[PDB]
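Asks: Here it is, the structure, as C-alpha cells.
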Ligand SMILES: [K+]
C-alpha cells in the first residue's frame, strides 16, 4: 500500500511500533488502547511522541532522541526525493518535522515535560556533540522566535550553560578544547539570530547580583565563563609550560605560537558574539556598557601594591575584555581621525553614569573642584551616553585596571621566583628526626614547590601573551589614537590633528605656583582621571621590554610621542611628577641607541614631527629643573634627570637642529639655560660622593653578612639587611650613572659653547666642582674602592675622569676659567693633573698623547696664573682683603653690611650707589640706605690696622 | 468541548466553550483538580499555551488530549 509506506516510515523515524514484537531495537508502545490501532499515519504522530516523552520508558536522553528523530527525518527526505513516489510521503515528513521541532522547543522551555533528564543533561548532550544538534537547534530557535517565546528558551539554555561550565566540568578553560569551542558555537548559533541578539541581555543572571564578589563575575554571570577563556589562566599555563619549564627558547616559542594562534580565534569569536549584542538594540548595547562598567568598578585593587587576587577578577578575564573594548574603539580612531569628534570631550563635565569615579585622582584638580565643576555644569538629567564615548573611556579604564593589573602581576614574578627558590633551598636543609615534623616539613616544601611551578608557568604564559604582537598592536594603536584625542581636548581650538596645536598654552613662567598652574590648567582636561594617562604609560614602559613590542617601528607612535611632549612642555596639564617621570623615562627608551648603534626608535619622530621638534628640547631643560620641588619615591628627580640626560645627549649627537636649539637657548635665553646648568652643576657637587658612600654601605652590609661567628655589630633582621643591601645598590647606580651623564653633558656642551660656562654665576662654582671631582677620581676616594663588577652600578671612574678632564680642556682658553681654577685654594694642585694623566694612560687608547699634552698645557697655565697671583699679593697686597671696599678697591672708612647680599661695603659707596639705583648692587634686591647695618667690629679692625701702619713707616 | 488532561498516569476531563480563552481553561482546572493559578503549564499539539489566547484559537478538538505540567 501507500498508507502502509507511510505507517512504516514513521516506525523507522521515531523508532517505535505498536503490536510489534520483533526485529529492530524499537520500543513497543505501552499500553494505550486508542494508539493500539494497527493502522498508523500522520495523526498518531503527536501521540507517539507524547508517549515517547511523557509516559517515558527507559527513554533516558529525550532531547537526543528528538534530535535523532530530526536527522532521521532529514535523511529520509533525501532518500525519498529521488525515488518512485516522493510526493505521497510528503505529508508524513512534514508532520514529523512540525512536531519534533515543536517538542524540542518544549523540552527546552519547561523543566518537567519529560521525566527523564532535565536542562543540564540536555545541554550536556548538546555541548558534547554540538555539530549534530546544530540544524535541529537552529530550527528550535526559529520556532521559538515565531511563537513569541524566545526569552523562555534563552532562560532555559543560557543559565543552564552557566551551571554546566562551573559545575559539570572541573575547569572551564582553554585546556578543554572540544568543550569551550562547542560552547562558543552555541553562543554564535543563538546570537546570530537578530531577535535573540536584541533581548540577550535580559537573560536571568546576565548581570551580577548585588552580592556577587568580583572573582565570581566570570563565574556567575551569563558571559563570564567564555569571557575568561585565555592562555594566562593558571591551569592553562601549568598544562602548557609547567609541563617542562626547562625547554629551549625554540621549544618555548612553539608553545607561545600555538597559544597565540588559539587566543586570536577566541578573541575573534568573543568579539563576534559581543558585537552581535551591541548591534541588537540600544538596550543590549547599553547593558553591555553597564556590564563591563560594573566589572571595572569593582576591580580597582587590581592596581594596588599587594592585590587581594582571590577577591578580584582574573587576568585572562580582564585582559580579554580590554581587547574587546579596544576593538569597539578602533573604528572611530582610524588614522584619518575623521570620526574623532564622535567622542565627547565633555564626558566628565557631568556626574558619570557608568564608570565610578569616586576616589579617582584627576590630572590637575582635586575632589572639591571636580564636584564643584559638576554643579556649574552637569547636563540636564536624561541628556546622556553616546555608546562611542562610553566605550572609549571604558577602554581606558580597562587598559589600566585590566591589562595594567596583568602586567604588574607579571613584572613582580622574577623576584617572587628567586625568593621562593631561596625558601625552598633553606627548608630543604632541615633534618627532621620526628615523624610528625618530617611530614609537616615535606608538606611545607611541597606547597612552596607548587606555588613555584604555578608562578614559573604563569610567567611563561604572560610572556606569551605580551609578546603576541598582533594583539598588542591593537592595544598600542588604541593608545596612539587616545593620544591624538587627548591632544584635541587640550587644544583651545579643539581642532587637532586637523590643525597644529600651538604650544605653550600659557606663557613660560620665570616658587609654589602649583595653585597658579592649577588655576590656568585647561578645562575640561584638568578634570580627566589620571588613569587616562597612567594606563598608556604603564603599558608602554612595560611593553618595551619585548623584542616583538608593538611600539617598535609603529607608524602611529608619533601621536603618543606628541602627547608626551605636550605634557612635558606644559606643566599645568599633569601635576603628578611621578607620572611625568614615567613619561620622560619612556622618551629615554626611544632615545637609546640600538645594539648596532643606529639611532633609537623615536629619533626619527624627534627630528621630523613639527610638534615635537618645536617643543622637546625646552620641555626637557625645563623639566630637569622643576623636578626639584619634591619630585623617597622612585621616579626620583635623579632618575628623571638620568632619563633626560640620555635624551639630551643623543639629540645632540644625531640631530643638528637640536644642537642648534641648545646653542640658541644658551645664547638667546641664557637665564633659562643657566638655571638648568646650575642644577646640573650643583648635583655634581655631591653625586659621586653619594655613589662612593652607598658602595661603602654595600660593603659594611656585606661584611656583616659574612660574620658567621657574629657580633652582631646590629645585624637587625637578615632580610632588612638584604633590603638595605638592594637599596644601597640602587642608590649607588643611580648616583654614579647620573654623574656620568652630567659630566658627559658638560663635556659636549663646553666643546661648543665654552662661553656659557664662564659667566660669573657658574664659573667659580664650576671650577670648584670640577676640582673636587678631580680629587676623588685621582685620590683614595675612588682609589680604595673595590666592588665586584662595578659596571653593575654604572661605576666607571675612568670614563668619568676622561670626561672631567675634557671639560678642563674645552674651557682652557677662557681666561675667567683659567683664573677661577687658579684661585680655588680648596682643591687646586697641579699634581692632580699629573695623577690624572697617570691614571688615564692606564686604559690604553683612553687618552691620545695629544689629549695629554693639552691637559698638561692647561695645568701649567693655571699653575702659572696662581704664581702671578701669589707674587702680586706678596709685592702689592699691603692691605688685608676684608678691609677693602668691594667696589672702590680702597680701605673702607665706615663698613656697613648689606642685608640681602651680606656684603660689606663702605657707607659712602652704598650711598653713591643708592643715589642712582635703589638696589643691593650685588644681587639686585630692593634696598633703602636706612636698612644698612654698621660693622662696628670690622671698623675697629681697620682702625687698629691703620694705627699699626701710621706708627712705624 | 470534551478534552482529556493527561500526565502519564492522571486525567481530569473538562468542558469549556471554544471561544473562551486559555486563562479560563487554567481556572477551569485550578478548582477542579488541586493545582494553583500560576502552577499550571499546558502543552498541546507541539506548542505551549498562553493565558490570553482562546482554546479555539489553538483549534483544540472534542475527544482530544492536552497535556499538563506541575510548575515549581
Ligand atoms: K595632521
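Cβ placement follows ideal geometry from the backbone for every residue including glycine, while neighbour counts extend to all protein chains displayed. Readers should treat all values here as calculations from the given coordinates under stated rules, not as data from a laboratory.
Asks: Can you tell me what share of the DSSP beta bridges in chain B is antiparallel? A percent to the nearest 5 is fine.
Replies: 65 percent
Asks: Give me the compactness ratio for the stretch A:745-823, meaning the Cα radius of gyration over 2.2 N^0.38 Å.
Replies: It is 1.21.
Asks: Rounded to the nearest 0.05, what FRET efficiency is calculated for residue A:940 and residue A:917 with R0 set to 35 Å and r the Cβ-Cβ distance?
Replies: According to the calculation, E is roughly 0.70.
Asks: In whole percent, what relative contact order does chain B give with Cα contacts below 8 Å and a gap of six or more residues?
Replies: About 43 percent, as a whole number.
Asks: Distance from the Cα centre of the stretch A:37-73 to that of the stretch A:813-859, in angstrom?
Replies: 105 Å
Asks: Next question, about the same structure. Give me the distance between the Cα centres of the stretch B:1-43 and the stretch A:466-493, rounded to whole Å.
Replies: Distance between centres, Cα-based: 64 Å.
Asks: Further, regarding this structure: Could you line up A:602, A:7 from fewest to most neighbouring Cβ atoms inside 10 Å?
Replies: So the residues, fewest neighbours to most, are A:7, A:602.
Asks: Let me confirm one metric for peptide B:40-47, namely the mean number of other chain beta-carbon atoms within 10 Å of its residues' beta-carbons.
Replies: The per-residue average across the peptide is 6.
Asks: For the protein assembly as shown, just run the numbers: alpha carbon Rg, then divide by 2.2 N^0.38 Å, N being how many residues it has.
Replies: Against the empirical 2.2 N^0.38 Å value, I get 1.38 for the protein assembly as shown.
Asks: When 1/r is averaged over all different Cα pairs and the result inverted, which Kirkwood radius in Å belongs to chain B?
Replies: 12.0 Å
Asks: Taking Rh as the Kirkwood radius computed over C-alpha pairs, what is the Stokes-Einstein D of the stretch A:79-179 at 4 °C in a medium of viscosity 1.567 mPa s, expressed in µm² per second?
Replies: 84 µm²/s
Asks: Here is a follow-up. Using 0.36 nm times the number of residues separating residue A:177 and residue A:71, minus their current alpha carbon distance, what extension gain do you get?
Replies: Taking 0.36 nm per residue and subtracting the Cα distance, the gain is 35.6 nm.
Asks: Which order results if B:52, A:287 are arranged by neighbouring Cβ count within 10 Å, fewest first?
Replies: Sorted ascending by nearby Cβ count, the order is B:52, A:287.
Asks: Still on this structure: Percent of Cα-Cα pairs more than 18 Å apart in the stretch A:105-233, please.
Replies: Above the 18 Å cut-off, the stretch A:105-233 has 53 percent of its Cα pairs.
Asks: Okay, moving on. Multiplying the sequence separation of residue A:211 and residue A:3 by 0.36 nm and subtracting their Cα-Cα distance, what value in nm do you get?
Replies: Extra length available between residue A:211 and residue A:3 comes to 68.6 nm.
Asks: Another question about this same structure. Can you list, largest first and rounded to whole Å, the semi-axes you get for the stretch A:315-360 by taking the square root of 5 times each eigenvalue of its Cα gyration tensor?
Replies: Rounded to whole Å, the semi-axes are 22, 20, 7.
Asks: Determine the shielding of peptide A:109-115 by partner chains: average, over its residues, the number of Cβ atoms on other chains within 10 angstrom of each Cβ.
Replies: 4
Asks: Counting only helical runs of four or more DSSP H residues, what would the 222 nm mean residue ellipticity of the protein assembly as shown come to if each run contributes -39,500 (n - 2.57) and the total is spread over all its residues?
Replies: When only DSSP H runs of four or more count, the value is -18500 deg cm²/dmol.
Asks: Ok, one more. Taking each residue in B:65-71, count the Cβ atoms of any other chain within 10 Å of its Cβ, then average. What number comes out?
Replies: Counting Cβ atoms of other protein chains within 10 Å of each residue's Cβ and averaging gives 3.
Asks: Express the Stokes-Einstein translational diffusion coefficient of the stretch A:327-435 in µm² s⁻¹, to the nearest whole number, given a Kirkwood radius over alpha-carbon pairs, 10 °C and a viscosity of 1.306 mPa s.
Replies: D, rounded to a whole number, is 86 µm²/s.
Asks: Could I ask something else about it? Exposure proxy check: A:920, A:97, A:878 ranked by fewest other beta carbons within 10 Å?
Replies: In order of increasing Cβ crowding within 10 Å: A:878, A:97, A:920.
Asks: For the stretch A:178-245, what is the Kirkwood hydrodynamic radius in Å, using each pair of distinct C-alpha atoms?
Replies: Hydrodynamic radius (Kirkwood, Cα pairs) of the stretch A:178-245 is 14.1 Å.
Asks: I'd like the distance separating the alpha-carbon centroids of the stretch A:151-195 and the stretch A:883-953, in whole Å.
Replies: Centre-to-centre (Cα) distance: 93 Å.
Asks: Cα atoms only: what Rg and Dmax, in Å, come out for the stretch A:483-539?
Replies: Looking at the stretch A:483-539, its Cα Rg and Dmax stand at 13.0, 37 Å.
Asks: At residue A:436 and residue B:56, where each label point lies 7 Å from the Cα along Cα→Cβ, what is the point-to-point distance in nanometres?
Replies: Output for this residue pair reads 8.7 nm.
Asks: Ordered by packing density, taken as the mean number of other Cβ atoms within 10 Å over each peptide's residues, highest first, how do A:487-495, A:205-213 rank?
Replies: For the peptides A:487-495, A:205-213, the packing ranking is A:487-495, A:205-213.
Asks: Let me test this: with uniform point scatterers at the alpha carbons of the stretch A:878-953, what is the Debye-based log₁₀ I(q)/I(0) at q = 0.15 1/Å?
Replies: -0.50
Asks: Considering only DSSP beta bridges where both residues belong to the protein assembly as shown, give the percentage that are antiparallel (nearest 5).
Replies: Looking only at bridges with both residues in the protein assembly as shown, the antiparallel portion is about 75 percent.
Asks: Could you sort A:462-475, A:420-433 so that the peptide with the highest average Cβ count within 10 Å comes first and the rest follow in order?
Replies: Going from most to least packed, we get A:462-475, A:420-433.
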